[PDB]
Each structure stands twice: as C-alpha cells, then as structure tokens.
Protein chains: 2
Amino acid sequence: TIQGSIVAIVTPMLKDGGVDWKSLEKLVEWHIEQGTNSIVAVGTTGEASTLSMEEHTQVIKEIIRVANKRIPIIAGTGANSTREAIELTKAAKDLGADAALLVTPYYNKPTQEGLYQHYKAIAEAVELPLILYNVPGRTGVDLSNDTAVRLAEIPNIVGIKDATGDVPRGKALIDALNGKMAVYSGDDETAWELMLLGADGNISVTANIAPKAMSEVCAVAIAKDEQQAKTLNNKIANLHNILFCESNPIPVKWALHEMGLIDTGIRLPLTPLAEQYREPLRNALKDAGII
Amino acid sequence: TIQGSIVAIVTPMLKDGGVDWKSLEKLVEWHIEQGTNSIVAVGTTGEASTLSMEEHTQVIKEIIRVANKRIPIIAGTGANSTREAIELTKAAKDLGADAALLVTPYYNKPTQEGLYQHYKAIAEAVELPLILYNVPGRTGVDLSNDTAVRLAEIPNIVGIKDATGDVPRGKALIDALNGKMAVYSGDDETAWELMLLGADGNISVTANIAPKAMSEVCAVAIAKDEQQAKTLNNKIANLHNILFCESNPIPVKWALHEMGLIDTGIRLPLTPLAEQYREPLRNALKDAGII
C-alpha cells in the first residue's frame with residue numbers, strides 16, 4: 001500500500017548531541033510540502049543505534065504529531081533480540097505508527113530459520129504492518145529471497161526493503177512474490193531500476209536532501225516510464241554516490257547542515273563528516289542545484 | 001598480563017530461556033579445575049545481545065562470585081553506542097571485573113577515527129583495563145592494525161582480540177605493537193599459530209567443551225613449543241570447524257547439552273542447532289574423546 005519516495009529521516013541534533021526538536025519539526029513539514037510520500041522515523045539514517053529508548057519514542061511521537069496524518073509514518077523498530085524488537089514494535093503501534101521497519105538482527109547472525117521465527121514471532125505479537133529490511137553489509141547476515149517469500153505468507157508482513165543493490169536479485173524477488181508483498185529499494189543508486197521492474201518505492205537516503213526530485217523519480221518509475229525515470233534520476237545520480245563517501249548517515253547529516261537545515265550534532269561512534277569530504281560534498285550540492 | 005586459555009563462556013539457559021544459574025556455577029567451577037586461565041563473561045558466545053541490562057550485570061556478578069578470585073574475570077561490555085559502552089563498562093568495573101572486552105560497534109559502521117574516539121572516550125571515562133575486539137564478518141566494520149596500534153597508546157587499553165583468522169595480519173600487528181598491548185586470538189582454528197607468533201592467549205569458543213585440552217595448547221604455544229602446539233591442536237582441530245557449522249554459539253551450546261552440562265535454552269533470533277547437524281556433532285565429540 002505505501003508507495004513512492006519514503007525518506008529515511010535523519011534525527012537532527014544539537015552540537016552536544018541532544019535531539020534538535022525544532023529542526024526535526026521543520027524537516028518533517030518541508031518533506032510533506034516537497035512531495036515526500038512517507039517517512040521512516042528512527043531507522044538507520046536516524047541513528048536508532050545511539051538514541052535511548054525514551055528518545056526513540058519521543059522522536060516517533062514528534063514526527064507523527066507534526067505530520068498530522070498527511071502522509072504515513074513508518075517507525076524503525078528493529079533489534080537483534082526478538083524480545084526487544086517486539087517491545088519497540090508495540091511501542092510504535094501504540095504511538096500510532098502506520099507501519100514498522102525492522103532490520104534483520106545484526107551482529108549475532110541468526111540462521112535463515114531463525115530469521116523466519118524472529119519475524120514470525122513479532123508479526124504474531126503485534127497487529128501492525130511490518131516491513132522487513134535486509135542490508136547484509138551492515139548486519140552480517142543475508143535474508144535470502146526464499147526466506148523473504150516464506151515470510152510474505154505471514155499476516156502482517158507487507159513488504160521488504162532490499163538494500164542489496166543487486167537488481168537481478170531484486171527482480172527475481174519481485175517476480176517470485178507475484179504481488180504477495182511489496183518490495184522497496186534500499187539502494188538509491190539502483191532504486192529507479194528496481195521500481196521500473198516492480199518495486200513499490202524507495203526507502204531513500206537521498207530524499208533527505210532532494211525530496212522533490214526523488215518524489216518525481218519514484219512517481220514516473222512506478223508508472224513504468226523508463227525514459228523519464230532515467231532522465232530524472234540522472235539529475236540526482238551523483239548524490240546517490242557522494243552520500244556514502246563515509247557511512248550513512250555521516251554525509252547526509254553534513255549535507256543538511258550545509259543546506260542550513262540542521263546543526264552538526266551526531267553521536268559517537270559516528271563522527272561529523274571528515275574534512276577532506278566536505279568541499280566535494282558542497283560541490284555536488286551546488287551541481288545538483290540544492291545549494 | 002591476562003594470558004593463556006580464556007573461555008568465551010556460554011550463558012546456560014533453561015528451556016524457557018531464563019538464565020540457568022545452577023548450571024552456570026557448575027560450568028565456572030569446572031573451568032577452574034580443568035585449567036581454564038580466565039573467563040569472558042557475557043560476550044558474543046554468552047549471548048550478550050539477548051540478555052537484558054540486569055541479566056548482563058547478574059551473569060558477571062555470579063561468575064565473579066563463583067570464581068572467588070582464583071582466575072581473572074573479563075566482562076563483555078561492548079555496544080554500538082559509545083554512551084552505552086561507557087555505562088556497561090563502568091558497571092563491570094563496579095562489580096569487580098578484572099578487565100572488559102569490547103567488540104567494535106556493529107551495524108552502524110563508524111569510521112576508523114570514530115572507532116578511535118569511541119574507545120578513547122571509554123578509556124577516559126572508566127579506570128579499567130580494556131580489550132578491543134575485531135570480528136568484521138559480524139560487525140560490518142574492520143578495526144585496522146593501524147588504528148589498533150594508535151589505540152594501544154591510550155591508557156587503559158591493554159589488548160585486542162583479533163578474530164580475523166588472518167595469521168600474517170595478526171603477526172604484523174604483534175610485531176608493530178612490540179609489546180605495547182596484548183594480542184589475543186579470536187579464531188580457534190588458527191589460535192595455536194598466533195600464540196606461537198606472540199599472542200598472549202586465545203579467547204576461545206572451543207575451550208567451552210575442551211577446557212583442559214585448550215589450556216594445554218595455549219600453554220605450549222605460549223612457551224613457543226611448535227611441535228607440541230601442532231600435535232595437541234591437531235587432536236581438537238575438527239572441533240574448531242564443527243563448532244561453527246551454524247553461527248556460534250548455536251553449535252557449542254548444543255555440544256554442551258550433548259555433554260549433559262547445560263539445557264537447550266537459547267534466545268531468538270538464535271535457534272537450537274538444526275536437527276541435521278546433531279549426529280555429525282555428536283560424532284565429532286566422540287572422535288575427540290569428549291563424550
């Protein structure tokens with residue numbers, strides 16, 4: 001059901017790392033005004049790892065309050081402990097989130113059956129639309145297409161964020177699912193392709209700085225207009241690359257800082273974008289017409 | 001300083017998943033009488049990921065209690081949040097742990113400088129010996145030898161658990177450090193080699209089921225007796241492979257259950273060793289003289 005450009009919103013912070021509430025509010029309003037179709041609160045780009053339990057909740061509550069039902073809000077509720085994921089997901093349901101996004105448990109490397117049981121348990125514990133999220137390079141585990149297809153059979157699992165950036169594999173997943181659940185790109189570089197091939201949207205990092213342009217890219221790609229999709233994506237294509245010169249969200253938070261939208265706060269172990277990457281980033285933003 | 005066979009103890013659990021305190025006490029006593037030189041409490045193998053804050057504290061407390069100062073106790077206190085790592089490490093210090101083991105932040109992929117700032121902040125916040133731990137395959141990040149050498153200059157950072165299983169790389173690290181801090185193997189398959197090349201010990205998984213044998217392997221390897229280390233390691237070499245047929249600690253917990261030392265409890269997302277691997281594992285244990 002949720003389709004289009006789905007921004008993986010950063011969590012603005014003060015210089016001392018405290019959550020920058022006013023700046024977050026402005027961002028949410030700007031996204032809605034700019035055409036962003038949905039927001040993922042407190043996901044990887046939002047530094048879920050370094051926010052406390054209370055902050056995780058405050059941020060979700062704030063984004064929901066400011067969005068005021070204008071666009072669906074997806075809450076990042078993944079954890080590498082099934083017990084904890086259930087807790088976070090329930091909190092999200094209770095706060096009024098429209099769906100929850102759950103990255104596969106990271107670092108502890110569960111088996112494929114373990115991943116199946118992990119998500120099955122959460123789906124059965126919380127009546128809320130759940131989106132799976134696979135990003136092996138970060139987690140140490142790869143949720144296979146086969147496992148994803150099995151999970152698509154479970155009530156409440158309505159989709160998967162495929163951040164592999166492996167298009168053939170993504171197309172294979174889409175074809176095997178045959179509409180059973182949605183597929184979202186989790187790789188800005190190839191998102192336009194995956195959507196042309198059947199993905200329902202892009203849970204984007206780039207949409208953080210070019211929400212209007214990415215909104216348009218998703219729209220025409222979903223419409224299966226290959227020429228337009230390719231033409232519009234080319235305009236923001238270098239951005240998809242430069243926003244990962246250092247681990248996301250380091251570059252994207254700096255980009256927004258250069259845009260005058262947020263301050264420099266970011267929590268250890270993450271660090272402000274290294275100096276050698278700032279000019280190139282500023283150039284890229286000027287080139288794409290952002291600043 | 002802490003040298004020899006250092007077991008990354010499992011956290012015994014009842015069938016419902018609750019911590020099996022009685023089995024834990026027996027295990028600790030068994031390790032002390034069998035020759036184990038030190039215990040890492042609530043590390044990876046001890047399912048740190050699925051234990052709550054309180055259970056974490058209690059497991060460390062119980063292990064410290066039963067050991068009764070007979071062998072040093074290392075507390076696993078890693079987290080992908082610097083603030084959390086500090087709180088966990090301070091807690092371990094207060095409980096009387098001898099040192100703390102901290103895996104590199106996983107999932108959020110900090111930069112090398114971020115890894116440096118992460119550990120420095122912890123070292124400056126807590127007066128306790130700290131042991132770094134690198135295991136890229138699980139974390140999504142690789143703490144380079146260069147970064148490790150820099151960190152060795154920080155007061156209170158006294159060692160690194162190298163789980164790369166890359167012997168030439170480990171040797172390069174040992175030589176560059178020239179004693180500034182200790183290097184421990186984090187790969188049972190190659191541990192004997194790394195210790196012959198200068199590592200201070202092996203923070204092992206295999207030691208969970210063959211504590212006496214591993215204590216001997218470490219002793220002779222530390223003594224630089226190459227033939228004895230090869231001969232003794234050869235007898236348990238197959239165990240080093242089989243204990244990873246599925247993600248650790250899944251196999252080693254089943255191994256201990258077959259040995260009648262612990263029950264089947266293990267927390268989702270982890271699952272009991274898949275049925276098809278149980279006979280093969282039993283045979284490996286029989287071949288090695290363990291059961």
# chains A, B, ... in the order shown; residues from 1 in each chain; ligands from 1
$ closest_atom_pairs --of "chain A" --to "chain B" --cutoff "10 Å" --atoms "only C-alpha atoms" --output "CSV"
residue,atom,partner,partner_atom,distance
A:44,CA,B:108,CA,7.4
A:45,CA,B:108,CA,9.3
A:47,CA,B:108,CA,8.0
A:48,CA,B:108,CA,9.1
A:49,CA,B:81,CA,6.3
A:50,CA,B:81,CA,5.1
A:51,CA,B:81,CA,8.4
A:52,CA,B:84,CA,9.2
A:79,CA,B:49,CA,9.1
A:80,CA,B:49,CA,6.6
A:81,CA,B:50,CA,5.0
A:82,CA,B:268,CA,5.5
A:83,CA,B:50,CA,7.7
A:84,CA,B:50,CA,8.2
A:104,CA,B:269,CA,9.4
A:105,CA,B:269,CA,7.2
A:106,CA,B:107,CA,6.4
A:107,CA,B:138,CA,4.7
A:108,CA,B:138,CA,6.9
A:109,CA,B:247,CA,6.1
A:110,CA,B:270,CA,5.1
A:111,CA,B:246,CA,7.0
A:112,CA,B:269,CA,9.7
A:113,CA,B:271,CA,7.9
A:114,CA,B:269,CA,5.2
A:115,CA,B:269,CA,6.3
A:116,CA,B:269,CA,8.8
A:117,CA,B:269,CA,7.2
A:118,CA,B:269,CA,5.2
A:119,CA,B:269,CA,8.9
A:121,CA,B:268,CA,9.3
A:135,CA,B:107,CA,9.6
A:136,CA,B:140,CA,8.4
A:137,CA,B:140,CA,5.8
A:138,CA,B:140,CA,4.7
A:139,CA,B:107,CA,5.5
A:140,CA,B:138,CA,4.6
A:141,CA,B:138,CA,8.0
A:246,CA,B:111,CA,7.1
A:247,CA,B:109,CA,6.2
A:248,CA,B:108,CA,8.3
A:249,CA,B:108,CA,9.0
A:250,CA,B:110,CA,9.0
A:267,CA,B:81,CA,8.0
A:268,CA,B:82,CA,5.5
A:269,CA,B:114,CA,5.1
A:270,CA,B:110,CA,5.1
A:271,CA,B:114,CA,5.8
A:272,CA,B:114,CA,9.2
A:273,CA,B:111,CA,9.6
A:274,CA,B:113,CA,9.1
$ residues_around --residues "residue 46 of chain B" --least-positions-apart "5" --cutoff "7 Å" --atoms "only C-alpha atoms" --output "PyMOL selection string"
chain B and resi 8-11+41
$ residues_around --residues "residue 228 of chain A" --least-positions-apart "4" --cutoff "12 Å" --atoms "only C-alpha atoms" --output "JSON, numbers by chain"
{"A": [192, 193, 196, 216, 217, 218, 219, 220, 221, 222, 223, 224, 232, 233, 234, 235]}
$ residues_around --residues "segment 12-17 of chain A" --least-positions-apart "4" --cutoff "9 Å" --atoms "only C-alpha atoms" --output "count of residues only"
14
$ select_by_dssp --residues "segment 14-198 of chain B" --states "strand (DSSP E)" --output "NGL selection string"
:B and (38-41 or 73-76 or 99-103 or 130-134 or 157-162 or 182-185)
$ residues_around --residues "residue 290 of chain B" --least-positions-apart "2" --cutoff "10 Å" --atoms "only C-alpha atoms" --output "list in words"
residues 209, 210, 236, 255, 259, 282, 284, 285, 286, 287 and 288 of chain B
$ residues_around --residues "residue 90 of chain A" --least-positions-apart "6" --cutoff "9 Å" --atoms "only C-alpha atoms" --output "ChimeraX atom specification"
/A:77,125-128
$ write_last_selection --atoms "C-alpha atoms" --output "PDB file, in the first residue's frame"
ATOM      1  CA  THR A  77      11.750  -0.830  15.400  1.00  0.00           C
ATOM      2  CA  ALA A 125       2.779 -10.447  18.820  1.00  0.00           C
ATOM      3  CA  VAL A 126       1.900  -7.081  17.258  1.00  0.00           C
ATOM      4  CA  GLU A 127      -1.000  -6.344  14.903  1.00  0.00           C
ATOM      5  CA  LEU A 128       0.814  -3.786  12.761  1.00  0.00           C
TER       6      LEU A 128
END
$ residues_around --residues "residue 35 of chain A" --least-positions-apart "6" --cutoff "8 Å" --atoms "only C-alpha atoms" --output "PyMOL selection string"
chain A and resi 211-212+215
$ closest_residue --among "A:254, A:103, A:197, A:92" --to "residue 229 of chain A" --atoms "only C-alpha atoms"
A:197
$ atom_distance --atom1 "atom CA of residue 182 of chain A" --atom2 "atom CA of residue 200 of chain A"
6.1 Å
$ closest_residue --among "B:159, B:168, B:129, B:96" --to "residue 201 of chain B" --atoms "only C-alpha atoms"
B:159
$ atom_distance --atom1 "atom CA of residue 184 of chain A" --atom2 "atom CA of residue 94 of chain A"
24.7 Å
$ select_by_dssp --residues "segment 182-245 of chain A" --states "alpha helix (DSSP H)" --output "MDAnalysis selection string"
chainID A and resid 188:196 211:222 226:242
$ write_last_selection --atoms "N, CA, C and O atoms" --output "short mmCIF file (atom, residue, chain, number, x, y, z; two decimals), in the first residue's frame"
data_model
loop_
_atom_site.label_atom_id
_atom_site.label_comp_id
_atom_site.auth_asym_id
_atom_site.auth_seq_id
_atom_site.Cartn_x
_atom_site.Cartn_y
_atom_site.Cartn_z
N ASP A 188 19.68 3.77 -3.16
CA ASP A 188 19.39 4.91 -4.03
C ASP A 188 19.98 4.82 -5.43
O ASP A 188 19.32 5.21 -6.40
N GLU A 189 21.20 4.30 -5.56
CA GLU A 189 21.85 4.19 -6.86
C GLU A 189 21.04 3.41 -7.89
O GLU A 189 21.00 3.78 -9.07
N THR A 190 20.39 2.34 -7.44
CA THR A 190 19.62 1.48 -8.33
C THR A 190 18.11 1.52 -8.12
O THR A 190 17.37 0.80 -8.79
N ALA A 191 17.64 2.34 -7.19
CA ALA A 191 16.22 2.42 -6.89
C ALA A 191 15.33 2.62 -8.12
O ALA A 191 14.31 1.95 -8.26
N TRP A 192 15.69 3.54 -9.01
CA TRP A 192 14.88 3.78 -10.20
C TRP A 192 14.68 2.51 -11.02
O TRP A 192 13.60 2.27 -11.55
N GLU A 193 15.74 1.71 -11.13
CA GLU A 193 15.68 0.46 -11.88
C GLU A 193 14.71 -0.52 -11.23
O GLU A 193 13.83 -1.07 -11.88
N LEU A 194 14.89 -0.74 -9.93
CA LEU A 194 14.05 -1.68 -9.20
C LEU A 194 12.58 -1.28 -9.25
O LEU A 194 11.70 -2.14 -9.29
N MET A 195 12.30 0.02 -9.26
CA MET A 195 10.92 0.46 -9.31
C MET A 195 10.36 0.25 -10.71
O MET A 195 9.18 -0.06 -10.87
N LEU A 196 11.20 0.41 -11.73
CA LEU A 196 10.74 0.19 -13.10
C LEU A 196 10.41 -1.29 -13.26
O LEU A 196 9.56 -1.67 -14.07
N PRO A 211 14.11 15.87 -1.68
CA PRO A 211 12.79 15.24 -1.57
C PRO A 211 11.89 15.42 -2.79
O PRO A 211 11.20 14.48 -3.20
N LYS A 212 11.89 16.61 -3.39
CA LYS A 212 11.03 16.84 -4.56
C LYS A 212 11.51 16.00 -5.75
O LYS A 212 10.73 15.26 -6.34
N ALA A 213 12.79 16.10 -6.07
CA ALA A 213 13.33 15.34 -7.19
C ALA A 213 13.15 13.83 -7.02
O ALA A 213 12.81 13.13 -7.98
N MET A 214 13.38 13.31 -5.82
CA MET A 214 13.22 11.87 -5.61
C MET A 214 11.75 11.48 -5.64
O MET A 214 11.41 10.35 -5.98
N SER A 215 10.88 12.42 -5.28
CA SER A 215 9.45 12.14 -5.30
C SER A 215 9.05 11.90 -6.75
O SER A 215 8.34 10.94 -7.08
N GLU A 216 9.56 12.76 -7.63
CA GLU A 216 9.28 12.67 -9.06
C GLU A 216 9.87 11.41 -9.68
O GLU A 216 9.23 10.76 -10.50
N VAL A 217 11.09 11.06 -9.28
CA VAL A 217 11.73 9.86 -9.82
C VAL A 217 10.91 8.61 -9.51
O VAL A 217 10.68 7.78 -10.39
N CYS A 218 10.46 8.49 -8.26
CA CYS A 218 9.66 7.34 -7.84
C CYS A 218 8.33 7.29 -8.58
O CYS A 218 7.90 6.22 -9.02
N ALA A 219 7.69 8.45 -8.73
CA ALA A 219 6.41 8.51 -9.42
C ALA A 219 6.48 7.97 -10.85
O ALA A 219 5.70 7.09 -11.21
N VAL A 220 7.40 8.49 -11.66
CA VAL A 220 7.50 8.05 -13.04
C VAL A 220 8.04 6.63 -13.19
O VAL A 220 7.72 5.95 -14.16
N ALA A 221 8.86 6.19 -12.24
CA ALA A 221 9.41 4.84 -12.29
C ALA A 221 8.30 3.86 -11.99
O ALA A 221 8.19 2.80 -12.62
N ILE A 222 7.47 4.20 -11.02
CA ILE A 222 6.35 3.35 -10.65
C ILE A 222 5.37 3.28 -11.82
O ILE A 222 4.71 2.26 -12.04
N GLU A 226 10.22 4.34 -18.50
CA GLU A 226 11.68 4.19 -18.47
C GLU A 226 12.49 5.42 -18.87
O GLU A 226 13.50 5.72 -18.24
N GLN A 227 12.07 6.11 -19.93
CA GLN A 227 12.78 7.29 -20.39
C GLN A 227 12.81 8.43 -19.35
O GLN A 227 13.84 9.03 -19.10
N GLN A 228 11.65 8.71 -18.76
CA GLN A 228 11.54 9.76 -17.75
C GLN A 228 12.28 9.39 -16.46
O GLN A 228 12.97 10.22 -15.87
N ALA A 229 12.11 8.14 -16.03
CA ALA A 229 12.76 7.65 -14.82
C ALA A 229 14.26 7.88 -14.91
O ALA A 229 14.88 8.42 -13.99
N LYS A 230 14.83 7.45 -16.03
CA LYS A 230 16.26 7.55 -16.27
C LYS A 230 16.71 9.00 -16.40
O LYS A 230 17.79 9.36 -15.93
N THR A 231 15.88 9.83 -17.02
CA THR A 231 16.21 11.24 -17.19
C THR A 231 16.21 11.98 -15.86
O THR A 231 17.13 12.74 -15.56
N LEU A 232 15.18 11.76 -15.06
CA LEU A 232 15.10 12.44 -13.78
C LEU A 232 16.13 11.92 -12.77
O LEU A 232 16.68 12.70 -11.99
N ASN A 233 16.40 10.62 -12.79
CA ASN A 233 17.39 10.07 -11.85
C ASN A 233 18.79 10.59 -12.15
O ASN A 233 19.58 10.81 -11.24
N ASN A 234 19.09 10.78 -13.44
CA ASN A 234 20.42 11.27 -13.83
C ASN A 234 20.75 12.60 -13.18
O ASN A 234 21.92 12.88 -12.90
N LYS A 235 19.73 13.41 -12.94
CA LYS A 235 19.91 14.72 -12.32
C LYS A 235 20.40 14.64 -10.88
O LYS A 235 21.09 15.55 -10.41
N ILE A 236 20.05 13.57 -10.18
CA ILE A 236 20.48 13.42 -8.79
C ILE A 236 21.35 12.18 -8.57
O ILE A 236 21.61 11.79 -7.43
N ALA A 237 21.82 11.58 -9.66
CA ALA A 237 22.64 10.37 -9.59
C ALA A 237 23.97 10.47 -8.83
O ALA A 237 24.34 9.54 -8.13
N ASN A 238 24.69 11.57 -8.97
CA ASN A 238 25.94 11.70 -8.22
C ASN A 238 25.68 11.84 -6.73
O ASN A 238 26.50 11.53 -5.93
N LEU A 239 24.50 12.27 -6.40
CA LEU A 239 24.17 12.43 -4.99
C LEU A 239 24.08 11.06 -4.35
O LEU A 239 24.56 10.86 -3.23
N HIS A 240 23.49 10.10 -5.07
CA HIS A 240 23.35 8.74 -4.56
C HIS A 240 24.71 8.16 -4.22
O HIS A 240 24.82 7.27 -3.38
N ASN A 241 25.76 8.66 -4.87
CA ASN A 241 27.11 8.15 -4.62
C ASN A 241 27.85 8.90 -3.52
O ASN A 241 28.43 8.29 -2.63
N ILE A 242 27.81 10.23 -3.58
CA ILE A 242 28.52 11.04 -2.60
C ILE A 242 27.96 10.94 -1.18
O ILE A 242 28.69 11.16 -0.21
#
